[PDB]
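Q: Got a structure for you, questions after.
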Amino acid sequence: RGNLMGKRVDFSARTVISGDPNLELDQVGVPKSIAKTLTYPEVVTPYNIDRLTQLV
Amino acid sequence: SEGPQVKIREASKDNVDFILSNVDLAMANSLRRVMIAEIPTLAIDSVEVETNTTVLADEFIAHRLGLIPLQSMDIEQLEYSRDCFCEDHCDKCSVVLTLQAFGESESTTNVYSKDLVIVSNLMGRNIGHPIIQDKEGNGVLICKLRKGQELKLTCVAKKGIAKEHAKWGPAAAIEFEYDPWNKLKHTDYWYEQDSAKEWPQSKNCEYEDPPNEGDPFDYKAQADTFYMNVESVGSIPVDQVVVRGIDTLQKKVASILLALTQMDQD
Amino acid sequence: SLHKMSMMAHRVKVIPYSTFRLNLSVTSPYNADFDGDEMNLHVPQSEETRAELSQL
Amino acid sequence: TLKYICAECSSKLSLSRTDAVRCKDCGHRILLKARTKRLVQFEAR
Amino acid sequence: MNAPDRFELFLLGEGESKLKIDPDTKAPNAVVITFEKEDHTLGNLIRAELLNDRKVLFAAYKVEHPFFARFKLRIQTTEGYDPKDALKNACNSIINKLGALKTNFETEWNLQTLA
Amino acid sequence: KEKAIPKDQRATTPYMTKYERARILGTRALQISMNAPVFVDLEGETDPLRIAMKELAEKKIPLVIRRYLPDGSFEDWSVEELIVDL
Amino acid sequence: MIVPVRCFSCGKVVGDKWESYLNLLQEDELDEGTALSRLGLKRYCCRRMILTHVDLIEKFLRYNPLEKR
Amino acid sequence: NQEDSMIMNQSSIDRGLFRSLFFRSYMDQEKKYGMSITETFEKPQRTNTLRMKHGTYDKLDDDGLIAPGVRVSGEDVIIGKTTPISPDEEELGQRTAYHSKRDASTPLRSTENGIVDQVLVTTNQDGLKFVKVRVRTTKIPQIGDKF
Ligand SMILES: [Mg+2]
Ligand SMILES: [Zn+2]
Ligand SMILES: [Zn+2]
Ligand SMILES: [Zn+2]
């Protein structure tokens, strides 16, 4: 129960939640410091070579 | 000249009470918003602590020092440190004040803002001096020392606006009211038995005639004739708060006009 | 997280400050308020789970 | 050597890594490291 | 800590322009101007002045999020009247009104005695 | 192969399920990200998921769904022949 | 701990009135309401600034200094 | 302010409304592992100390302590300490005859920062040297604080 059915995971974040009347129903506001820690592995393709190069 | 009109009811070195007539509500609101948030002012921004044996913290004392009102009459002759060509600060964009206090006596010795000494070259300007606005001649009670305690620090004052930090605001509460008789029906008065008996009459009700007690609602009337009272912290004269608020607002509209012109060429 | 609406997929909006921000209408499915509640964020790591998350 | 201060008699001492941690005047066993003499900068906000 | 620096409210950043004018396709002769490093102070004043022009059919501004100091201004004028010219005229009207107000206050203040 | 039901007696729904659509879009999106040949014309699109959606709308995903039955038998359904109505 | 420099709500300077406030209370035998108005504090935002302040620095000053010069 | 949230005046915050001091103390002792192995408060060097932390030791003095009044931040070492090691143990290479010490320092909390407020050095009941370091920081209300 403590290590197989549930476990601690990577690529996650926790903080206090606030209410934003100016966000869409499906949007979530993410603090900038958290967005810099969490990453997404994006594969290099002809459609994203330039954008990924600038990010690097 | 036949535009917005002004009538001053009460003038002082700390408060100016006037009636702003023949104006729009948007203009009146922008005037008070600019007077609160966008009039440049001189205030202590960085503090170097050399000795601090007081019962207060350095950050505690620094916050207090930044809230002390300094003279800002010639603030326009000063520059923004961000817009100046100097490493850290110079005489063209800053004023330097030193505070040296020692507990030489057995009784508690009080450190006031009158003890701040300007050690920069003011270059004949009229900025930097702490504002003394009391009877005894002292200023703000900065700190208290007992025997053997010392406070040694150097303050650097820069110009800014209350949008960056409230310490650069030259204005205290601003009174702003229109239509004291509620003839435009912009408020729906909460009451229990009778709203007229339950809501005290504004002092400005004496400058306007009451409703004619039975005439139809005037749907063509727009808000004007605003009653405003501007208070000043003393950094700049209260009359200058109004004048420079108009100047700041006028410049902001001009900047939009200039930016529009710059886009036209390209 | 007593029911499946307590885990829902949102679109990221990177923002200033240190709190998560969400629309008011999604507070009832989460059984959440803004008196100090904290919520968890999980980032998918592949195109499979990334489309799965946004399509289900 | 570095300079310390007694916590009861406020006497300024100079101790080395070999000296015992104690006030040579009154005998207290708690010493306060003296404040650094390099200037520190603070924003007034 | 994620507190943005307070000078981001008024100081215009690098590669960022004060104005951004883009045509509006939802209606004819309509344009949307994005003001950077501004707030309700200019938006309310400019929008109110525009509404006094008889050749303006629509005028509205909004601050989409209070976190960022920018507001949008939508202007639609009558055919043959350029929305940029409408903004020019309104801005001139505000400047002239403010200039008159400053003179009126100064002449009235010089008549007082207590201060 | 007794567990492959012939196409003439398939008794499953002729409609794509939500889970089938989700995996097909994710499956093809992953392939596109790995430089897979796109069989639909792109009028300007860089997100693999959006390209997959365009392919699904135009029925150009060369995959089949092997629907399994609780007894081990299965049915093969092409993504092109499956109705996307949900 | 010590008197705030400014009123929190409106920013009027109130840190130069603490000693005047105490002197009015002690020697002039004025009630705190009259003293607050005599000092020019009209808005109740400013009145509570001086009326609810607790002077703890006086307590802290009773301890001998950590470092004497 | 919907659903139990509130709006605070930034101007009031600027003037000091609900602003507070935060103090944190760090404790460390000079342990004696019997009769042979002993620790000392020191500013370790990268040439004689192993497993030194990636932070900075620039603020320590020769006694392994930061003087009060110095500003500290994340990963900064505030109590420098070293202990001797036993030979014939090589990790990731990098263990040469030069190395005879290993870092046992105390770094500041990763998320916390501030100014060192007080450092006291004394001895425990057993006569071993141990120190306390206190760090000051100011907390200003923001969009996640509870009131
Ligand atoms: Mg709760
Ligand atoms: Zn300069
Ligand atoms: Zn002693
Ligand atoms: Zn007040």
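Each chain in the structure tokens gets a letter, A, B and so on, in the order shown; residues start at 1 in every chain, and ligands are counted from 1 in the order they appear.
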Would you mind listing what lies within 12 Å of range 58-71 of chain F as a ChimeraX atom specification, with only C-alpha atoms counted and same-chain residues fewer than 2 positions away left out?
A: /F:2-5,10-17,19-21,23-29,31-32,36-42,51-56,73-84
Q: Go ahead and save the residues from that selection, with N, CA and C atoms, as a compact mmCIF listing (two decimals), in the first residue's frame.
A:
```txt
# COMPACT_ATOMS: atom_id res chain seq x y z
N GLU F 2 -7.95 -19.00 -34.50
CA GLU F 2 -9.36 -19.05 -34.13
C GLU F 2 -9.79 -17.81 -33.36
N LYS F 3 -8.85 -17.02 -32.84
CA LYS F 3 -9.17 -15.86 -32.03
C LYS F 3 -9.32 -14.58 -32.85
N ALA F 4 -9.13 -14.64 -34.16
CA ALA F 4 -9.33 -13.50 -35.04
C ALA F 4 -10.69 -13.66 -35.71
N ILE F 5 -11.66 -12.85 -35.29
CA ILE F 5 -13.02 -12.93 -35.81
C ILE F 5 -13.03 -12.39 -37.23
N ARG F 10 -18.17 -9.35 -37.29
CA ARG F 10 -17.79 -8.51 -36.16
C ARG F 10 -19.04 -7.92 -35.51
N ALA F 11 -19.16 -8.09 -34.20
CA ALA F 11 -20.34 -7.67 -33.46
C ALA F 11 -20.08 -6.48 -32.55
N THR F 12 -18.90 -5.88 -32.61
CA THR F 12 -18.58 -4.73 -31.79
C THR F 12 -19.15 -3.46 -32.42
N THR F 13 -19.12 -2.37 -31.66
CA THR F 13 -19.68 -1.12 -32.14
C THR F 13 -18.87 -0.61 -33.33
N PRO F 14 -19.53 -0.07 -34.36
CA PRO F 14 -18.80 0.58 -35.45
C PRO F 14 -18.30 1.98 -35.13
N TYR F 15 -18.35 2.39 -33.87
CA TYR F 15 -17.95 3.73 -33.45
C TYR F 15 -16.66 3.67 -32.66
N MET F 16 -15.80 4.66 -32.86
CA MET F 16 -14.62 4.81 -32.03
C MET F 16 -15.03 5.20 -30.61
N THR F 17 -14.37 4.60 -29.63
CA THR F 17 -14.61 4.95 -28.24
C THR F 17 -13.71 6.12 -27.84
N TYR F 19 -11.64 6.20 -25.34
CA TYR F 19 -10.31 5.68 -25.04
C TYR F 19 -9.55 5.32 -26.31
N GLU F 20 -10.25 4.80 -27.31
CA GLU F 20 -9.60 4.51 -28.59
C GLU F 20 -9.12 5.79 -29.26
N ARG F 21 -9.94 6.84 -29.24
CA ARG F 21 -9.52 8.11 -29.84
C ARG F 21 -8.33 8.70 -29.08
N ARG F 23 -5.94 7.19 -27.33
CA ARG F 23 -4.68 6.48 -27.58
C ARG F 23 -4.23 6.65 -29.02
N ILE F 24 -5.16 6.66 -29.97
CA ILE F 24 -4.79 6.85 -31.37
C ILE F 24 -4.16 8.22 -31.57
N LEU F 25 -4.76 9.25 -30.98
CA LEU F 25 -4.17 10.59 -31.08
C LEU F 25 -2.82 10.65 -30.38
N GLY F 26 -2.72 10.06 -29.19
CA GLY F 26 -1.44 10.01 -28.51
C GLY F 26 -0.43 9.14 -29.23
N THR F 27 -0.89 8.01 -29.78
CA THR F 27 0.01 7.12 -30.51
C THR F 27 0.56 7.80 -31.76
N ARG F 28 -0.32 8.44 -32.54
CA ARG F 28 0.14 9.10 -33.75
C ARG F 28 0.90 10.38 -33.44
N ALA F 29 0.52 11.09 -32.37
CA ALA F 29 1.27 12.27 -31.97
C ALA F 29 2.70 11.91 -31.60
N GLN F 31 4.39 9.34 -32.73
CA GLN F 31 5.09 8.99 -33.96
C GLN F 31 5.48 10.23 -34.75
N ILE F 32 4.60 11.23 -34.80
CA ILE F 32 4.92 12.46 -35.51
C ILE F 32 6.12 13.15 -34.86
N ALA F 36 7.81 10.91 -38.12
CA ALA F 36 7.07 9.96 -38.93
C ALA F 36 6.45 10.67 -40.14
N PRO F 37 6.37 10.00 -41.29
CA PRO F 37 5.80 10.66 -42.48
C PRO F 37 4.34 11.02 -42.26
N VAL F 38 4.03 12.30 -42.43
CA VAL F 38 2.67 12.80 -42.27
C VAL F 38 1.93 12.65 -43.59
N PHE F 39 0.75 12.03 -43.54
CA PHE F 39 -0.05 11.76 -44.72
C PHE F 39 -1.14 12.79 -44.95
N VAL F 40 -1.14 13.88 -44.19
CA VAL F 40 -2.10 14.96 -44.36
C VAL F 40 -1.33 16.24 -44.67
N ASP F 41 -1.97 17.13 -45.43
CA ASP F 41 -1.38 18.40 -45.79
C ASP F 41 -1.45 19.36 -44.61
N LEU F 42 -0.33 20.00 -44.30
CA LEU F 42 -0.24 20.94 -43.19
C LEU F 42 -0.29 22.36 -43.75
N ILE F 51 -1.47 17.99 -35.47
CA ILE F 51 -1.30 17.28 -36.73
C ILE F 51 -2.06 15.96 -36.71
N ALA F 52 -1.97 15.23 -35.60
CA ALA F 52 -2.72 13.98 -35.48
C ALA F 52 -4.22 14.23 -35.58
N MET F 53 -4.71 15.29 -34.94
CA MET F 53 -6.13 15.61 -35.03
C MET F 53 -6.53 15.88 -36.48
N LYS F 54 -5.69 16.58 -37.23
CA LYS F 54 -5.97 16.81 -38.64
C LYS F 54 -6.01 15.50 -39.40
N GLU F 55 -5.08 14.58 -39.11
CA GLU F 55 -5.09 13.28 -39.76
C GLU F 55 -6.34 12.48 -39.41
N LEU F 56 -6.76 12.50 -38.14
CA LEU F 56 -7.96 11.77 -37.76
C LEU F 56 -9.20 12.35 -38.44
N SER F 73 -10.61 -13.71 -27.70
CA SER F 73 -10.78 -13.38 -29.10
C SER F 73 -10.73 -11.87 -29.29
N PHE F 74 -10.51 -11.45 -30.54
CA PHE F 74 -10.36 -10.04 -30.85
C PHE F 74 -10.94 -9.74 -32.22
N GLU F 75 -11.19 -8.45 -32.45
CA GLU F 75 -11.65 -7.94 -33.74
C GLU F 75 -10.75 -6.80 -34.17
N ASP F 76 -10.42 -6.76 -35.45
CA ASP F 76 -9.56 -5.72 -36.01
C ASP F 76 -10.42 -4.68 -36.71
N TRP F 77 -10.27 -3.42 -36.29
CA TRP F 77 -11.03 -2.31 -36.85
C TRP F 77 -10.05 -1.24 -37.29
N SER F 78 -10.14 -0.83 -38.55
CA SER F 78 -9.30 0.24 -39.06
C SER F 78 -9.78 1.58 -38.53
N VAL F 79 -8.82 2.48 -38.27
CA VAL F 79 -9.18 3.82 -37.83
C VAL F 79 -9.99 4.54 -38.91
N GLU F 80 -9.79 4.18 -40.17
CA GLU F 80 -10.53 4.82 -41.25
C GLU F 80 -11.99 4.38 -41.29
N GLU F 81 -12.27 3.12 -40.94
CA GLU F 81 -13.64 2.61 -40.97
C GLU F 81 -14.41 2.90 -39.69
N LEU F 82 -13.74 3.36 -38.64
CA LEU F 82 -14.41 3.62 -37.37
C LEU F 82 -15.02 5.02 -37.39
N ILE F 83 -16.29 5.12 -36.99
CA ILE F 83 -16.98 6.40 -36.99
C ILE F 83 -16.53 7.21 -35.79
N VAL F 84 -16.10 8.44 -36.03
CA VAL F 84 -15.71 9.37 -34.97
C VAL F 84 -16.86 10.36 -34.84
```
Q: Could you give me, as a ChimeraX atom specification, every polymer residue with an atom at most 12 Å away from an atom of ligand 4, counting only C-alpha atoms and all ligand atoms?
A: /B:171-174,231,233 /G:4-15,40-50 /H:11-12,15
Q: Record the distance separating CA of residue 5 in chain B and CA of residue 23 in chain B, expressed in Å with one decimal.
A: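 For CA of residue 5 in chain B relative to CA of residue 23 in chain B, the distance reads 7.6 Å.
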Q: Please provide the set of residues having any atom within 7 Å of residue 108 in chain E, restricted to only C-alpha atoms, with same-chain residues fewer than 4 positions apart removed, written as an MDAnalysis selection string.
A: (chainID B and resid 6:8) or (chainID E and resid 104)
Q: Can you pull out the residues contacting range 38-46 of chain C? Cut-off 6 Å, using only C-alpha atoms, and skip same-chain residues under 3 positions away; I want them as a list in words.
A: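 Close residues of range 38-46 of chain C: residues 11, 12, 13, 14, 15, 16, 17 and 40 of chain A; 49 and 50 of chain C.
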Q: Any residue with an atom at most 10 Å from ligand 2 counts, using only C-alpha atoms and all ligand atoms. Which are they? Put them as a list in words.
A: residues 78, 79, 80, 81, 82, 83, 84, 85, 86, 87, 88, 89, 90, 91, 92, 93, 94 and 158 of chain B
Q: Could the residues that lie within 12 Å of ligand 3, counting only C-alpha atoms and all ligand atoms, be listed as a list in words?
A: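 Based on only C-alpha atoms and all ligand atoms, ligand 3 is surrounded within 12 Å by residues 4, 5, 6, 7, 8, 9, 10, 11, 12, 13, 21, 22, 23, 24, 25, 26, 27, 28, 29, 30, 31 and 32 of chain D; 66 and 67 of chain G.
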Q: Please produce a file of those selected residues containing N, CA, C and O atoms, as an mmCIF file, in the first residue's frame.
A:
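Result went into result.cif, see below:
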```
data_model
loop_
_atom_site.group_PDB
_atom_site.id
_atom_site.type_symbol
_atom_site.label_atom_id
_atom_site.label_comp_id
_atom_site.auth_asym_id
_atom_site.auth_seq_id
_atom_site.Cartn_x
_atom_site.Cartn_y
_atom_site.Cartn_z
ATOM 1 N N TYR D 4 35.848 38.001 20.540
ATOM 2 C CA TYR D 4 34.562 37.595 21.086
ATOM 3 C C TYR D 4 34.187 38.537 22.223
ATOM 4 O O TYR D 4 34.984 39.372 22.658
ATOM 5 N N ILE D 5 32.956 38.394 22.712
ATOM 6 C CA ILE D 5 32.428 39.236 23.780
ATOM 7 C C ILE D 5 31.780 38.336 24.821
ATOM 8 O O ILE D 5 31.038 37.412 24.474
ATOM 9 N N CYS D 6 32.058 38.604 26.093
ATOM 10 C CA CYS D 6 31.406 37.867 27.164
ATOM 11 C C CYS D 6 29.919 38.196 27.197
ATOM 12 O O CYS D 6 29.508 39.323 26.912
ATOM 13 N N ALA D 7 29.111 37.200 27.549
ATOM 14 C CA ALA D 7 27.662 37.345 27.558
ATOM 15 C C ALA D 7 27.121 37.907 28.867
ATOM 16 O O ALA D 7 25.916 38.164 28.956
ATOM 17 N N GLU D 8 27.966 38.105 29.872
ATOM 18 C CA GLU D 8 27.512 38.639 31.154
ATOM 19 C C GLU D 8 28.222 39.922 31.553
ATOM 20 O O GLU D 8 27.568 40.849 32.039
ATOM 21 N N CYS D 9 29.537 40.006 31.362
ATOM 22 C CA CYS D 9 30.304 41.190 31.726
ATOM 23 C C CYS D 9 30.670 42.050 30.526
ATOM 24 O O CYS D 9 31.307 43.094 30.702
ATOM 25 N N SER D 10 30.286 41.646 29.314
ATOM 26 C CA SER D 10 30.495 42.449 28.111
ATOM 27 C C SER D 10 31.963 42.818 27.921
ATOM 28 O O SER D 10 32.283 43.925 27.482
ATOM 29 N N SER D 11 32.867 41.899 28.246
ATOM 30 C CA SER D 11 34.292 42.117 28.048
ATOM 31 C C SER D 11 34.723 41.528 26.712
ATOM 32 O O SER D 11 34.401 40.379 26.392
ATOM 33 N N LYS D 12 35.453 42.320 25.934
ATOM 34 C CA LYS D 12 35.907 41.906 24.614
ATOM 35 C C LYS D 12 37.185 41.091 24.758
ATOM 36 O O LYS D 12 38.165 41.557 25.350
ATOM 37 N N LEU D 13 37.172 39.877 24.216
ATOM 38 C CA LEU D 13 38.284 38.948 24.318
ATOM 39 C C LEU D 13 38.857 38.671 22.936
ATOM 40 O O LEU D 13 38.269 39.027 21.913
ATOM 41 N N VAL D 21 37.244 28.172 25.666
ATOM 42 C CA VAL D 21 36.095 29.055 25.513
ATOM 43 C C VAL D 21 35.615 29.475 26.894
ATOM 44 O O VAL D 21 34.844 28.758 27.542
ATOM 45 N N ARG D 22 36.066 30.638 27.352
ATOM 46 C CA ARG D 22 35.713 31.133 28.675
ATOM 47 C C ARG D 22 36.220 32.560 28.810
ATOM 48 O O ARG D 22 37.220 32.935 28.192
ATOM 49 N N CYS D 23 35.518 33.347 29.621
ATOM 50 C CA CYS D 23 35.936 34.718 29.884
ATOM 51 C C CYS D 23 37.072 34.723 30.899
ATOM 52 O O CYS D 23 36.929 34.196 32.007
ATOM 53 N N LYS D 24 38.202 35.321 30.521
ATOM 54 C CA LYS D 24 39.351 35.387 31.414
ATOM 55 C C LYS D 24 39.146 36.361 32.566
ATOM 56 O O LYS D 24 39.948 36.355 33.507
ATOM 57 N N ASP D 25 38.103 37.189 32.522
ATOM 58 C CA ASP D 25 37.869 38.180 33.564
ATOM 59 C C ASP D 25 36.927 37.650 34.638
ATOM 60 O O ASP D 25 37.292 37.591 35.817
ATOM 61 N N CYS D 26 35.715 37.264 34.241
ATOM 62 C CA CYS D 26 34.695 36.846 35.197
ATOM 63 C C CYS D 26 34.475 35.341 35.213
ATOM 64 O O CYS D 26 33.967 34.810 36.207
ATOM 65 N N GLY D 27 34.837 34.641 34.142
ATOM 66 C CA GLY D 27 34.741 33.198 34.103
ATOM 67 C C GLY D 27 33.519 32.635 33.413
ATOM 68 O O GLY D 27 33.290 31.423 33.499
ATOM 69 N N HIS D 28 32.727 33.464 32.737
ATOM 70 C CA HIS D 28 31.568 32.954 32.022
ATOM 71 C C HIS D 28 32.008 32.037 30.884
ATOM 72 O O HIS D 28 33.097 32.171 30.324
ATOM 73 N N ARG D 29 31.132 31.088 30.544
ATOM 74 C CA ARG D 29 31.432 30.069 29.546
ATOM 75 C C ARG D 29 30.641 30.269 28.258
ATOM 76 O O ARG D 29 30.582 29.360 27.425
ATOM 77 N N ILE D 30 30.031 31.438 28.072
ATOM 78 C CA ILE D 30 29.311 31.768 26.848
ATOM 79 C C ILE D 30 29.896 33.061 26.299
ATOM 80 O O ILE D 30 29.953 34.071 27.010
ATOM 81 N N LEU D 31 30.323 33.030 25.040
ATOM 82 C CA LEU D 31 30.917 34.179 24.373
ATOM 83 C C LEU D 31 30.156 34.473 23.090
ATOM 84 O O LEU D 31 29.711 33.553 22.397
ATOM 85 N N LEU D 32 30.011 35.757 22.777
ATOM 86 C CA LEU D 32 29.334 36.202 21.567
ATOM 87 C C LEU D 32 30.363 36.684 20.557
ATOM 88 O O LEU D 32 31.186 37.550 20.869
ATOM 89 N N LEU G 66 24.098 44.192 24.848
ATOM 90 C CA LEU G 66 24.936 43.033 24.563
ATOM 91 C C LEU G 66 26.393 43.437 24.377
ATOM 92 O O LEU G 66 27.300 42.757 24.871
ATOM 93 N N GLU G 67 26.637 44.540 23.669
ATOM 94 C CA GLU G 67 27.987 44.988 23.331
ATOM 95 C C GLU G 67 28.100 46.473 23.665
ATOM 96 O O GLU G 67 27.501 47.315 22.989
#
```
Q: Determine, counting only C-alpha atoms, which protein, DNA and RNA residues have an atom within 8 Å of an atom of range 17-25 of chain C; residues of the same chain fewer than 6 positions away are not included. Present the result as a list in words.
A: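 Here the answer would be residues 15, 16, 17, 18, 19, 20, 21, 22, 23, 24, 25, 26, 27, 28, 29, 30, 31, 32 and 33 of chain A; 39 of chain C; 1, 2, 3 and 4 of chain E; 2, 142, 143 and 144 of chain H.
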Q: Would you export the selected residues with N, CA, C and O atoms as a tab-separated table (two decimals), in the first residue's frame, please?
A:
```
chain	number	residue	atom	x	y	z
A	15	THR	N	1.58	23.71	-3.61
A	15	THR	CA	1.58	25.03	-3.02
A	15	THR	C	0.13	25.41	-2.72
A	15	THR	O	-0.80	24.67	-3.02
A	16	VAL	N	-0.04	26.58	-2.10
A	16	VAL	CA	-1.36	27.06	-1.73
A	16	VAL	C	-2.09	27.55	-2.98
A	16	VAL	O	-1.47	28.09	-3.91
A	17	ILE	N	-3.40	27.36	-3.01
A	17	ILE	CA	-4.23	27.71	-4.16
A	17	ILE	C	-4.94	29.03	-3.88
A	17	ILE	O	-5.30	29.33	-2.73
A	18	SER	N	-5.14	29.82	-4.93
A	18	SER	CA	-5.87	31.08	-4.87
A	18	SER	C	-6.95	31.08	-5.94
A	18	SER	O	-6.97	30.24	-6.85
A	19	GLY	N	-7.87	32.03	-5.82
A	19	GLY	CA	-8.96	32.18	-6.76
A	19	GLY	C	-8.70	33.33	-7.71
A	19	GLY	O	-8.41	34.45	-7.28
A	20	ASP	N	-8.80	33.04	-9.00
A	20	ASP	CA	-8.60	34.05	-10.04
A	20	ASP	C	-9.86	34.18	-10.89
A	20	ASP	O	-10.15	33.27	-11.70
A	21	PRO	N	-10.65	35.25	-10.75
A	21	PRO	CA	-11.81	35.42	-11.63
A	21	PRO	C	-11.45	35.62	-13.09
A	21	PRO	O	-12.34	35.55	-13.95
A	22	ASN	N	-10.17	35.88	-13.41
A	22	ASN	CA	-9.75	36.21	-14.76
A	22	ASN	C	-9.03	35.05	-15.44
A	22	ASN	O	-8.27	35.27	-16.39
A	23	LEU	N	-9.23	33.82	-14.97
A	23	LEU	CA	-8.70	32.63	-15.60
A	23	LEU	C	-9.84	31.81	-16.19
A	23	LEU	O	-10.95	31.78	-15.66
A	24	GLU	N	-9.55	31.14	-17.31
A	24	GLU	CA	-10.53	30.28	-17.93
A	24	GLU	C	-10.78	29.05	-17.06
A	24	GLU	O	-9.96	28.68	-16.22
A	25	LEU	N	-11.93	28.42	-17.28
A	25	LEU	CA	-12.33	27.29	-16.44
A	25	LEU	C	-11.26	26.20	-16.43
A	25	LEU	O	-10.99	25.59	-15.39
A	26	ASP	N	-10.64	25.95	-17.58
A	26	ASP	CA	-9.66	24.87	-17.72
A	26	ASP	C	-8.23	25.34	-17.53
A	26	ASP	O	-7.30	24.53	-17.66
A	27	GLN	N	-8.01	26.61	-17.22
A	27	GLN	CA	-6.67	27.13	-16.97
A	27	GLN	C	-6.29	26.99	-15.51
A	27	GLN	O	-7.15	27.01	-14.62
A	28	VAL	N	-5.00	26.84	-15.26
A	28	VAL	CA	-4.44	26.82	-13.92
A	28	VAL	C	-3.24	27.77	-13.89
A	28	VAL	O	-2.38	27.71	-14.77
A	29	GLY	N	-3.20	28.64	-12.88
A	29	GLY	CA	-2.07	29.54	-12.72
A	29	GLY	C	-0.93	28.83	-12.00
A	29	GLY	O	-1.12	28.27	-10.92
A	30	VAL	N	0.25	28.87	-12.61
A	30	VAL	CA	1.42	28.16	-12.11
A	30	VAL	C	2.48	29.20	-11.73
A	30	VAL	O	2.85	30.03	-12.57
A	31	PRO	N	2.99	29.21	-10.50
A	31	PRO	CA	4.07	30.14	-10.16
A	31	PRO	C	5.28	29.95	-11.06
A	31	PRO	O	5.62	28.84	-11.47
A	32	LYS	N	5.95	31.07	-11.36
A	32	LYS	CA	7.08	31.05	-12.27
A	32	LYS	C	8.23	30.21	-11.74
A	32	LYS	O	8.90	29.52	-12.51
A	33	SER	N	8.48	30.25	-10.43
A	33	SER	CA	9.54	29.43	-9.86
A	33	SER	C	9.26	27.95	-10.04
A	33	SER	O	10.19	27.17	-10.30
C	39	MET	N	-2.78	22.21	-3.16
C	39	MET	CA	-3.12	21.26	-4.21
C	39	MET	C	-1.85	20.82	-4.92
C	39	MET	O	-0.84	21.52	-4.91
E	1	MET	N	10.60	32.91	-3.81
E	1	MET	CA	9.88	34.20	-4.00
E	1	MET	C	9.64	34.46	-5.48
E	1	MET	O	10.52	34.22	-6.31
E	2	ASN	N	8.45	34.95	-5.80
E	2	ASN	CA	8.04	35.20	-7.18
E	2	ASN	C	7.43	36.59	-7.33
E	2	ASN	O	6.60	36.81	-8.22
E	3	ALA	N	7.82	37.52	-6.47
E	3	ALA	CA	7.26	38.86	-6.54
E	3	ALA	C	7.90	39.62	-7.69
E	3	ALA	O	9.12	39.82	-7.69
E	4	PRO	N	7.14	40.06	-8.69
E	4	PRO	CA	7.74	40.88	-9.75
E	4	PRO	C	8.19	42.22	-9.22
E	4	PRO	O	7.59	42.79	-8.30
H	2	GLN	N	-13.26	35.98	-2.98
H	2	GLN	CA	-14.25	34.92	-2.94
H	2	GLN	C	-13.71	33.70	-2.21
H	2	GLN	O	-12.51	33.43	-2.19
H	142	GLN	N	2.18	38.48	1.52
H	142	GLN	CA	1.97	38.19	0.11
H	142	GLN	C	0.76	37.33	-0.07
H	142	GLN	O	0.03	37.04	0.87
H	143	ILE	N	0.59	36.83	-1.30
H	143	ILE	CA	-0.68	36.29	-1.80
H	143	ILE	C	-0.90	34.85	-1.32
H	143	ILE	O	-1.84	34.17	-1.74
H	144	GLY	N	-0.06	34.38	-0.41
H	144	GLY	CA	-0.29	33.06	0.15
H	144	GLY	C	-0.30	33.01	1.66
H	144	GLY	O	-0.35	31.93	2.25
```
Q: Residues of chain B no more than 10 Å from chain H, counting only C-alpha atoms: send them over as a PyMOL selection string.
A: chain B and resi 37+49-52+57-60+63-64+66-67+162-167+169
Q: Any idea which chain G residues end up within 12 Å of chain D if we count only C-alpha atoms, as a PyMOL selection string please?
A: chain G and resi 63-69
Q: Mind listing the residues within 12 Å of ligand 1, only C-alpha atoms and all ligand atoms counted, as a ChimeraX atom specification?
A: /A:16-18 /C:27,30-39 /H:3-5,146
Q: What lies within 10 Å of residue 38 in chain G using only C-alpha atoms, ignoring chain neighbours under 5 positions off, as a list in words?
A: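 Close residues of residue 38 in chain G: residues 20, 21, 24, 30, 32 and 33 of chain G.
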Q: If we count only C-alpha atoms and set the cut-off at 8 Å, which residues sit around residue 44 in chain E, ignoring sequence neighbours fewer than 3 positions away in its own chain? Please answer as a ChimeraX atom specification.
A: /B:26,30 /E:40-41,47-48,61
Q: Step one, run DSSP on the backbone; step two, keep only residues of chain F assigned to alpha helix (DSSP H); then write them as a ChimeraX atom specification.
A: /F:18-33,48-57
Q: Could you state the separation of CA of residue 79 in chain H and CA of residue 37 in chain D in Å, given to one decimal place?
A: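 Spanning CA of residue 79 in chain H to CA of residue 37 in chain D is a straight-line distance of 19.3 Å.
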Q: Going by DSSP on the backbone, which residues of range 21-135 of chain H come out as strand (DSSP E or B)? List them as a VMD selection string.
A: chain H and resid 21 to 29 32 to 33 37 to 38 40 to 41 49 to 50 65 71 to 72 77 to 79 81 to 84 101 to 103 106 to 107 114 to 123 129 to 135
Q: Give as number ranges by chain every residue of chain H that touches chain D within 8 Å, counting only C-alpha atoms.
A: H: 14, 63, 67-71, 118-123, 129
